Every structure is written in structure tokens, then in C-alpha cells.
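As you go down the protein sequences, you meet chains A and C in turn.
Take any residue in the first sequence, count from 1 to its spot, add 987: that is its number in PDB author numbering.
Take any residue in the second sequence, count from 1 to its spot, add 1037: that is its number in PDB author numbering.
For every residue, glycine included, the Cβ atom is placed at its ideal position computed from N, Cα and C.
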Amino acid sequence: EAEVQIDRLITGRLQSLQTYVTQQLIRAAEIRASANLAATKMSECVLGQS
Amino acid sequence: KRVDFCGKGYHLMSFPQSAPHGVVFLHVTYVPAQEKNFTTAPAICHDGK
Ligand SMILES: *[C@@H]1O[C@H](CO)[C@@H](O[C@@H]2O[C@H](CO)[C@@H](O)[C@H](O)[C@H]2NC(C)=O)[C@H](O)[C@H]1NC(C)=O
């Protein structure tokens, strides 16, 4: 009987963990573009005159 | 003229090559060498000018 009740928790917790992992991929892809712009500004404004 | 955009040094030219799912750029740059020491001045004075 406890199998049927444990599976209901397993499904929910898996859903919640996988939602967490998707939103982190989408937030990291945005931090990546900001760091790519910072790396270009360090090259073009600090080691040069733009 | 963008620094570091086309390799390290003063960009002269670039050549493309194809790769399996990409591209390889060959960057030709100028790199200065064998520097010497000198004394400098902002301006010269001559005839009060
Ligand atoms: C231009 O002159 C400076 C100062 O004279 C040189 O600096 C030397 O740097 C070395 C580092 O290895 C120090 O040990 C010396 O004390 C410095 N002074 C000297 C040698 O007088 C510098 O090397 C010179 N630049 C060039 C390109 O020759």
C-alpha cells in the first residue's frame, strides 16, 4: 500500500527537481552572454582605444 | 581595428578554412620586437617657439 503513496511523492519531487534544472540552464545561458560582453569590453576598452 | 577580435597583435589579414561542422580562421598579425630605450620630450624649443 505504501508503494502507491511513495510513487506519488517520487513523481512530484522529480518534477520539481527537473524544473529547477531547466530554469538554471536558461539563467546560465544569459550570464554567459554578459560575460562574453565583459570579455570584449576588457579587450576593446581597457587594452585599446575604441 | 578592434583589439583581440582577429588574433593577438595588430591584425593584417585572415584566411578561412572549412572544418567538419565549423570554420577555422588563420589570422596574420604584426608583432613588434627587440625594443630599445630612449629619452623623450613632449616638445622642442627653438627661437622661443
Ligand atoms: C631600459 O632601462 C631600464 C633601466 O635602466 C632597464 O631596466 C632594467 O631591468 C632589469 C630587469 O631584469 C633590472 O634588473 C635592472 O636593474 C634595470 N635597470 C638597468 C639594467 O639599468 C631596461 O631593461 C631597459 N630596457 C631595454 C629594452 O633595454
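Item to check | Status (buried if at least 16 other CB within 10 Å, exposed otherwise) for A/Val-991 | outcome: exposed
Checklist entry - Does the Cβ of C/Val-1068 have 16 or more other Cβ atoms within 10 Å, making it buried, or fewer, making it exposed? => result exposed
Next on the checklist: So if I threshold CB-CB distances at 7 Å, which residues from the region 1022-1033 of chain A count as touching chain C?
Outcome noted: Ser-1030 and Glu-1031
Item to check | Environment of ligand 1 in chain order, Cβ to heavy atom below 6 Å | outcome: C/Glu-1072, C/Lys-1073 and C/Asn-1074
Item to check | DSSP three-state assignment for C/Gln-1054, whether helix, strand or coil | outcome: strand
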